There are 2 protein chains.
Amino acid sequence: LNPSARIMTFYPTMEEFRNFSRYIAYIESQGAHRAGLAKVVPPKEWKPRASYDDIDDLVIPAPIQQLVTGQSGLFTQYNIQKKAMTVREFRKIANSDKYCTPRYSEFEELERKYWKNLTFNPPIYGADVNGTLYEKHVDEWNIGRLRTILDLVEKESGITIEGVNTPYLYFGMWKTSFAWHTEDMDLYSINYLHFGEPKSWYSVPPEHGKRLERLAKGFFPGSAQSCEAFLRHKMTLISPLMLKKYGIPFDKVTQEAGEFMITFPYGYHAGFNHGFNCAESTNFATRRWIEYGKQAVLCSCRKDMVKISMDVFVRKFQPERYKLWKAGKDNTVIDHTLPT
Amino acid sequence: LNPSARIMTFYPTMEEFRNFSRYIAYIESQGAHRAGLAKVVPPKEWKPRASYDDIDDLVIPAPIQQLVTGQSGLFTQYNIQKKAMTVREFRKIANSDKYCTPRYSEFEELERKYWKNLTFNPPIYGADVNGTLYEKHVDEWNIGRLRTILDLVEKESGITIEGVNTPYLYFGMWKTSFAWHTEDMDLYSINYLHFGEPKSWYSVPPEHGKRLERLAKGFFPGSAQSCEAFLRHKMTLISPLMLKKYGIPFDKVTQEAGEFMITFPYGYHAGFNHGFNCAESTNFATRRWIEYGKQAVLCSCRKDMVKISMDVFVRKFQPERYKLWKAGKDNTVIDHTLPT
Ligand SMILES: [Cl-]
Ligand SMILES: [Cl-]
Ligand code: NI
Ligand code: NI
Ligand SMILES: [Zn+2]
Ligand SMILES: [Zn+2]
């Protein structure tokens, strides 16, 4: 099931959509997770918010400017912090003549332009904004309260991790980028594009993640020297042309307003925004993730970084192996194809 | 005198060198200041310091990484702050295989390389380090105590301005850059290259500064919109090929270890380091500067920036015009050619 590991798109009915957990399992039962990434277009009956008319006053505390250096499809992205601005201010710049989306025909033409011009004209990205655009009445696919077993991190340790077990908003503009990475603790993510122009994504099947890690280490050995998980710094950009060249399998998908994307444990993704827009994301967990989390290779090289204790998930959901794992003796092998 | 406004080099004897003020006047009497920049190679009898063997332990608190974006000779340079390192650490990186000076023949070949590669491989620059490498016994050309009338800023207002009336050290490496600018308040500067590889400079005659300002505003109108003195942000790099093209006259000069450079009021300069090195600089003033300082166009757009009060210099050195200037009625025109 999903032999080719292509990115699947799903159209749940309202009835299916009302159960989050079951639907994630369903799409895994269809092999969605093999591609690393899937699209879910929600039922038309559903709406996260009445309208987006009342948010120009919303404050993006820490926009960042994306400076990118490199050539022939390899690049590194440095984030310069800029001062507080409002969505109103952000929108004016995004729509301004210097920063706005070029004219184009097919997405293939806009994609060529992103890669020929990513080093020029650094854009602002209103990233990592704490908050949510969902009205409180909304019970389905509400990113602020999915009620997955990730909630055990908070319930048992009083711990908050911004953007991991709380929601983040991302205001974008043409050519703002997200670099190749997997999620914190190789968790799942969910991303909803509330409005505006598209966000294109690239994904590599989890069963080929190690081959992308290997290639990255080749091209950036110094970065590989000082961190094992350097891709987790989210600074590394690699062209699809580079990926074909070193035979890394990958797929591409464009997300439009009103659509969800789900990323799956150890699914490497990257991409960029087409123009002004607003996405909302968080991380979540399932019982299948637990193994991935026990085995996730973390960033050593910074003290900021996200470490979740696996003790509570193994204690409850893998009792048969708890003592074994506790003693360094749990040698489970992950099969990335299983829908477990 | 100096019709062509070329960068002059001077070889003072020890006897001439012992009087700083007089020697600056002498070189101005030869028209050195018309080029904006002059070299002074000091008498061999003189040495700022016995040796530079005891400074690996010296701490550079705020190295910065120089990210540069642009193309066909126009660029903007953003400074990412990195963590504390020692000269020892700095030296290892500077000398490392990824960061070190390419092999080359003539400087013309190394200059081509700086401009073809300035956007790649961002280097660290151990800039703006408070301190001095001069032994205390040294009375000539001692950057920490030139005793110019700039000392009135401190004596009358208790004011310290790091790198302006105190010394700064600059540890460099291949391809670290200083962008087109004039000094704070269009003051004079002095730069001494204590050791290591060269530092190349570009200069534009003060009598053609407005033409470079004009060209800059053309190429960066947005930056020109929000600041009048945007070049003062020290972010703007412009190729010599661009300067020929728009007919801005300029000259180039390479400074080697043990040599001083002097910049003159309203002399636009820029350049770069050839490899690992260490320069020391500060600003100074003469009576000729006072007019330039009364008329200097400042950065509006940041509250950090350097504003020196001219009151005390006009009061003492232009008493005939004090009341007039006080009342908005002093309409002196600067002649950049005069040695005044
Ligand atoms: Cl590297
Ligand atoms: Cl501009
Ligand atoms: Ni992510
Ligand atoms: Ni300067
Ligand atoms: Zn790391
Ligand atoms: Zn300014």
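Caption draft 1: The arrangement of the interface of chain B and chain A in detail. The partner chain A presents eleven residues to the eleven residues of chain B that form the contact. Surface buried jointly by chain B and chain A totals about 910 Å² across both partners, of which 67% is contributed by carbon and sulfur atoms. It is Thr 69, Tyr 78 and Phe 120 of chain B that lose the most area in chain B upon contact with chain A, and together they represent 47% of the buried surface on that side. Across the chain B-chain A interface, the total number found is zero salt bridges. Looking at the side of chain B that touches chain A, the elements that each hand over two or more residues are β4 (64–71) and β5 (74–81) of chain B. Its residues assigned to classes, the side of chain B that touches chain A comprises five nonpolar, six polar and no charged.

Caption draft 2: View of the coordination of the zinc ion (ligand 5). Residue and element names in this part refer to chain A. Looking at the metal site, the zinc ion (ligand 5) is ligated by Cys 227 (SG), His 233 (NE2), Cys 299 (SG) and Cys 301 (SG), spaced 2.0 to 2.5 Å from it. Between the four donor atoms coordinating the zinc ion (ligand 5), the angles at the centre fall across 85 to 122 degrees, so the site counts as tetrahedral. Taken in chain order, the donor set of the zinc ion (ligand 5) reads C-x5-H-x65-C-x1-C. Residue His 233 is found in the loop between α7 (221–226) and β12 (236–238), and its partner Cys 301 is found in the loop between α9 (289–294) and α10 (311–317); the two are separated by 68 residues along the sequence.

Caption draft 3: Just the UniProt feature "binding site: 2-oxoglutarate" in chain A, in detail. Residue and element names in this part refer to chain A. Per the UniProt annotation, the sites labelled "binding site: 2-oxoglutarate" are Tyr 125, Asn 191, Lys 199 and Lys 234. On the secondary structure map, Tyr 125 appears in strand β7 (residues 124–130). Not counting chain neighbours up to four residues away, the residues in contact with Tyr 125 comprise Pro 63, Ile 64, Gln 66, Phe 90, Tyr 170, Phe 171, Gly 172, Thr 176, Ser 177, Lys 199 and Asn 273. As for its placement among the helices and strands, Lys 199 is situated in strand β11 (residues 199–204).

Caption draft 4: Molecular detail of the relation of the copies chain B and chain A. Rotating chain B by 180 degrees about the axis while translating it 0.0 Å along that axis superimposes it on chain A, leaving an RMSD of 0.0 Å. Taken together, the rotation and translation relating the two chain copies correspond to the operation of a two-fold axis. Taken together, the interface assignments show that 100% of the residues at the interface of chain B recur at the interface of chain A, consistent with an identical surface on both copies.

Caption draft 5: Inspection of the coordination of the zinc ion (ligand 6) at higher detail. All names here are of chain B. Protein coordination of the zinc ion (ligand 6) is provided by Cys 227 (SG), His 233 (NE2), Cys 299 (SG) and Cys 301 (SG), with donor distances spanning 2.0 to 2.5 Å. Here the zinc ion (ligand 6) is ringed by four donor atoms whose angles at the metal span 85 to 122 degrees, and the overall shape comes out tetrahedral. Taken in sequence order, the residues that donate to the zinc ion (ligand 6) follow the motif C-x5-H-x65-C-x1-C. Of this pair, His 233 sits in the loop between α7 (221–226) and β12 (236–238) while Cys 299 sits in the loop between α9 (289–294) and α10 (311–317), placing them 66 residues apart in sequence. Each of the two residues, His 233 as well as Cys 299, counts as buried.

Caption draft 6: Fine view of the nonpolar core. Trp 141, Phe 260, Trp 289 and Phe 313 of chain A are the most contacted members of the largest nonpolar core, which has 73 residues in total. Non-local contacts of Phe 313 of chain A, meaning those with residues more than four positions away in its chain, are made with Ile 149, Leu 150, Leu 152, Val 153, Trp 289, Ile 290, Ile 308 and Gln 318 of chain A. Membership of the second largest hydrophobic core comes to 72 residues, among which are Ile 161, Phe 272, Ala 285 and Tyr 292 of chain B.

Caption draft 7: The arrangement of the sheet that holds strand β11 (residues 199–204) of chain B in detail. Residues and elements named next belong to chain B. If you trace the four strands from one edge of the open sheet to the other, you get β9-β15-β11-β13, paired in antiparallel fashion. Two strands bound the open sheet, and with one partner strand each, they are β9 (177–181) and β13 (251–255). Within the sheet, the average angular offset between the axes of one strand and its neighbour, ignoring direction, is 15 degrees. Of the strand pairs in this sheet, β11 and strand β15 (residues 268–273) are connected by six bridges, and their pairing is antiparallel. Bridge pairing in β15 places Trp 201 opposite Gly 271. Across the face of the sheet, helix α6 (residues 209–219) comes into contact with β9, β11 and β15 while running at roughly 70 degrees to β15.

Caption draft 8: Expanded view of the UniProt feature "binding site: Zn(2+)" in chain A. Residues and elements named next belong to chain A. Mapped onto this numbering, the UniProt entry gives "binding site: Zn(2+)" at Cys 227, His 233, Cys 299 and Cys 301. The greatest C-alpha distance among the residues just named is 9.7 Å, despite their covering 75 residues of sequence, which places them together in space. Residue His 233 is classed as buried on the basis of its relative accessible area, which comes to 15%. Apart from residues no more than four positions distant in its own chain, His 233 is found in contact with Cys 227, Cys 299, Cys 301 and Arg 302. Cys 299 has contacts with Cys 227, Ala 229, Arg 232, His 233 and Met 305, leaving out every residue within four places of it along the chain.

Caption draft 9: Looking closely at the pattern of salt bridges. All told, the structure shown has 40 salt bridges over all chains when counted by the stated rule. With a shortest N-O distance of 3.2 Å, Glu 320 of chain A and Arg 321 of chain A are connected by a salt bridge. Accessibility expressed as a relative area gives 59% for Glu 320 of chain A, which makes it exposed. In this structure, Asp 330 of chain B engages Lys 294 of chain B in a salt bridge whose closest nitrogen and oxygen atoms are separated by 3.2 Å.

Reading guide: rules and limits
Residues numbered from 1 in each chain as written, not as in the entry; some residues may be left out. Chains lettered and ligands numbered in written order. Heavy atoms only, no water. Contact = heavy atoms within 4.5 Å. Buried area = accessible area lost by both parts, 1.4 Å probe. Salt bridge = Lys/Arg side-chain N within 4 Å of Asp/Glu carboxyl O. Helix = DSSP H or I, 4+ residues; strand = E, 2+ residues; numbered from the N terminus. Nonpolar A, V, L, I, M, F, W, Y, C, P; charged D, E, K, R; others polar. Donors = N, O, S within 2.8 Å, 3.2 Å for Na, K, Ca; no water. Tetrahedral: all angles 85-135°; square planar, octahedral: opposite > 155°, others 65-115°. UniProt positions renumbered as here; feature names shortened; annotations may be inferred. Least-squares fit on C-alpha atoms. Buried < 20%, exposed > 50% of the residue type's maximum accessible area, 1.4 Å probe, protein only. Core = buried A, V, L, I, M, F, W, Y, C linked by side-chain atoms within 4.5 Å. Pairing = 2+ DSSP bridges. Axes fitted to C-alpha atoms, helices over the stretch in contact; angles between N-to-C directions.

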